[PDB]
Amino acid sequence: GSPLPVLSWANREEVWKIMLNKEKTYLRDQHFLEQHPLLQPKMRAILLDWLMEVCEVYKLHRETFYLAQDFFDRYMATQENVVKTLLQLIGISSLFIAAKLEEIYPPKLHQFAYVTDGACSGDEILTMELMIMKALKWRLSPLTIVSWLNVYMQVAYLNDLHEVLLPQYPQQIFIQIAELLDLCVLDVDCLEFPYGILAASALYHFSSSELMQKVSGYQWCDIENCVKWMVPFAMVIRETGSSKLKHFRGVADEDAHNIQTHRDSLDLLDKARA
């Protein structure tokens, strides 16, 4: 079912169905690392975690990080036999493409080379960005994990005016649910579940099945498998508590929740799988 209200600018069922049909064009494979026998699932987590730190340093949006994550996973599904030293180049080039797509004033190319501490030249990044975009058939507009959370938070706080395009919801609980998703995205097994299911399951853990279904459209049976998998990650966040909303220099406070943050999530990811 569709959780969107009536839309003045289109058939609500049409918009939602385009969004749903989008997730059929955009395939993911939780086992794509079997195409690269020399890689481990932990290397992906360390790379993604590094990209998250890079985003916070340059105050890049959460959407930019998750585009880079999605570009990375989908590009790997098209490739074979990749080694450790090529990972930092593929990641940072994914982030380069992502920043150019999403930021009003993205960082320059040499800054993306600068953060690799010289392991990636600007010319290497430009070569890699073309390889990535060509191998992805220039399909560079997925509905990221975090984009679904954005939808779910609007619907949860829909007034009677039913205005769905002007953002309105507490920034504090948004960044708390994003924190659970940032952890789960480090585990490659998350790709078993569609991005919209992943975001709805994180929201459920911070509220209820009734709110989850109201704002996501999915029934409890659709997300039960995801929720049971997210179980260890959710409790790790609960044991340590949730983070506070930050202020960023030069960032309007009504956009402050949209900036990617970084925390020591790798040790918390290790405090699971048991």
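Only the largest set of C-alpha atoms that superpose within 1.5 Å between the two forms is called the rigid core. Quick note: we count residues from 1 along the sequence shown, nothing fancier.
With 169-177 and 111-119 as candidates, the stretch whose CA atoms show the greater average offset from this form in 6 other deposited structures of this protein after a core fit is 169-177. Between 97-105 and 150-158, the larger mean CA deviation from the shown form in 6 other deposited structures of this protein, after core superposition, belongs to 150-158. Across the other PDB entries of this protein whose models span the neighbouring residues, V164 goes unmodelled in a third or more. Stretch comparison (262-270 versus 13-21) by mean CA B-factor in the PDB entry places 262-270 on top. The mean C-alpha temperature factor is higher for 186-194 when 94-102 and 186-194 are set side by side. Based on the entry's C-alpha B-factors, the most elevated value among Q154, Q176, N159, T144 belongs to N159. Of the candidates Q172, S201, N150, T85, the one whose C-alpha carries the top B factor in the deposited record is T85. When the modelled residues of the chain are ordered by C-alpha B-factor, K108 sits in the middle third. Among all modelled residues in its chain, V115 ranks in the middle third by Cα B-factor. When all modelled residues of the chain are sorted by CA temperature factor, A68 is found within the lowest third. Ranked against the other modelled residues of its chain, the C-alpha B-factor of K42 as given in the entry falls in the highest third. Annotation for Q35: CA B-factor lies in the highest third of the chain's modelled residues.
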